[PDB]
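A.B. asks: got the complex split up, this is the first portion:
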Amino acid sequence: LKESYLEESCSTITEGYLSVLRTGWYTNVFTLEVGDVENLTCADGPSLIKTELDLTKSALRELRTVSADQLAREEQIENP
């Protein structure tokens, strides 16, 4: 690179860069398949599988409400 200090204008210009310009957006849609996890239940108390299953059911139910919240926030991104 070459940097030039312009004493007549208290400015610099640095040259020698090669561009990488974002000209567009490519959309990748994902379907993450969790399976019929909400129809499974552990009736025998504390357990490693019970803990993992409750994390999974909990994460599913939380994303549903996160999604709803997003629909109001997307209104504000478009209609402030």
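C.D. replies: That came in fine, so what should we check first? Numbering: from 1, shown residues only, chains lettered A, B, ... in the order given.
A.B. asks: Give the burial count for residue A:72, as a bare number.
C.D. replies: 8 (other C-beta atoms under 10 Å). C-betas here are computed from N, CA, C, even on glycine.
A.B. asks: now swap in residue A:8 and tell me
C.D. replies: 5.
A.B. asks: next one: residue A:56
C.D. replies: Per other C-beta under 10 Å, the neighbour tally for residue A:56 reads 15.
A.B. asks: ditto for residue A:54
C.D. replies: Residue A:54, neighbours per other C-beta under 10 Å, totals 13.
A.B. asks: mind listing what it touches?
C.D. replies: residue A:42 (C-beta atoms under 8 Å, 6 or more residues apart in numbering).
A.B. asks: now it, what's its secondary structure?
C.D. replies: helix (DSSP: H, G, I helix; E, B strand; the rest coil).
A.B. asks: Distance check, it against residue A:39.
C.D. replies: Going from residue A:54 to residue A:39 by C-beta to C-beta, to the nearest Å gives 14 Å.
A.B. asks: cool, residue A:71 as well?
C.D. replies: Residue A:71 is 27 Å from residue A:39, by C-beta to C-beta.
A.B. asks: Same question for residue A:59.
C.D. replies: 16 Å.
A.B. asks: Could you do residue A:22 as well?
C.D. replies: 44 Å.
A.B. asks: go on, residue A:20?
C.D. replies: 48 Å.
A.B. asks: ditto for residue A:73
C.D. replies: Counting by C-beta to C-beta, the separation of residue A:73 from residue A:39 is 31 Å.
A.B. asks: do the same with residue A:62
C.D. replies: Residue A:62 is 18 Å from residue A:39, by C-beta to C-beta.
A.B. asks: Who has more neighbours out of the two?
C.D. replies: residue A:62 (10 against 6).
A.B. asks: following sequence is chain B, place it on the structure:
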Amino acid sequence: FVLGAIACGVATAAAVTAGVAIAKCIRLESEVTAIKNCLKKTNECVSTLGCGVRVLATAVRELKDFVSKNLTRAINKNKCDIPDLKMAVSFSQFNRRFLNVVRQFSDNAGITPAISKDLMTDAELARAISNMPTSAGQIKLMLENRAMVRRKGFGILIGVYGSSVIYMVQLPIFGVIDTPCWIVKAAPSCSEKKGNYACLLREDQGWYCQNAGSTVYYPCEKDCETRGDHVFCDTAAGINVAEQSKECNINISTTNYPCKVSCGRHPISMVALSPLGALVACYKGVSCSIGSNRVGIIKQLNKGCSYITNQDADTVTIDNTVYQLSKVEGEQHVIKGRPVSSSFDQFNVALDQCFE
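C.D. replies: Adding chain B to what we have so far:
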């Protein structure tokens, strides 16, 4: 208006606005089911939505397959304290991506700041880059710069449909590469007499890229980011400028172009960190110094504009703000000249208007 004062944040809002509009289209029942029907017999799909946008569609089925083919038959009779250690460990390994996708979308209210490995693996990142509407030179560059692709992309949550978590990732298409590019920095050049200041400041700071016989100007320098000799630029807040405007970098007074400046009587001390050094505008009211990390403070700087190369000193301080000089090495020129300020409140005007 004043371009540098309005341009930042613009390219970001355009990306979000563009993504949300695509997300709205994907959330329709006809498009969700079309995408779901595309992926019935395969893990990967390409398709054009009703609104015209091309999407690559990817199914991630490890967890669903573990749940269908191992966990369910093993938890017949609704008992989970079974002595199957590999089942519990496999369950924990197979659901961690999902749990990480939920945390990233929950913490960010449905729009992530980047592309995490849980939204997109390296394998999947390479697959999508391969499908981008660009040529081999760009794809080769992008595959060698996946960290930058992740940093400039983002995800948007589509919704939950049954057991199916649907989301979209915007990846940056770097469609134009290796054209000449340069960055302009500036600070207030100000003359002093009778306690009175006569200031000048350039109002065309930022990044410039000569692309396809036409020069483009990116006023918000945060829309561009360097890796070595490469500068990665969002083009959403780009603006064409005439070829002659580069003459402001050798003769601010040229008649071939009305170089944009701001001239006033209110100096603002500041430090403009440049790639190979720093610009330092130091005036009455604040103190400025440069230093090395081994021997303490080098010297106090004189008032006015000083150009400190990143080899003259490792640090520059203005008042109590401390800036780290770059460590890059390069050709450093001082183009000598009488400061135009010493020849003397307008804003973003041609320089010949500052003289009257």
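A.B. asks: let's see the neighbour count of residue A:8 again after adding chain B.
C.D. replies: 20 (other C-beta atoms under 10 Å in any protein chain shown).
A.B. asks: what's the helix or strand for it?
C.D. replies: In this assignment (DSSP states H and E), residue A:8 forms part of neither any helix nor any strand.
A.B. asks: what's the residue nearest to it when sequence neighbours are not counted sitting at in phi/psi?
C.D. replies: Leaving aside its sequence neighbours, residue A:8 sits nearest to residue B:337 (C-beta to C-beta, 6 or more residues apart in numbering or on different chains; 3.6 Å). Backbone geometry at residue B:337, expressed as degrees, to the nearest 10, gives phi 170, psi 150.
A.B. asks: which residues does residue B:337 contact?
C.D. replies: A:6-8 (C-beta atoms under 8 Å, 6 or more residues apart in numbering or on different chains).
A.B. asks: show me the contacts for residue B:62.
C.D. replies: B:94, B:97.
A.B. asks: same check, this time on residue B:201
C.D. replies: A:10, B:186-189, B:261-263.
A.B. asks: still on that earlier bit, tell me which of the contacts of residue B:337 is nearest to chain B?
C.D. replies: Nearest to chain B, judged by C-beta to the nearest C-beta, of the contacts of residue B:337 is residue A:8 at 3.6 Å.
A.B. asks: does that closest one really touch residue B:340, like I thought?
C.D. replies: Yes: using C-beta atoms under 8 Å, residue A:8 is in contact with residue B:340, at 5.5 Å.
A.B. asks: so what sits against both of those two?
C.D. replies: Joint contacts of residue A:8 and residue B:340 (C-beta under 8 Å, 6+ apart) are residue B:252.
A.B. asks: rewinding a little: from residue B:189, how far off is the residue nearest to residue A:8?
C.D. replies: Distance from residue B:337 to residue B:189, by C-beta to C-beta: 11 Å.
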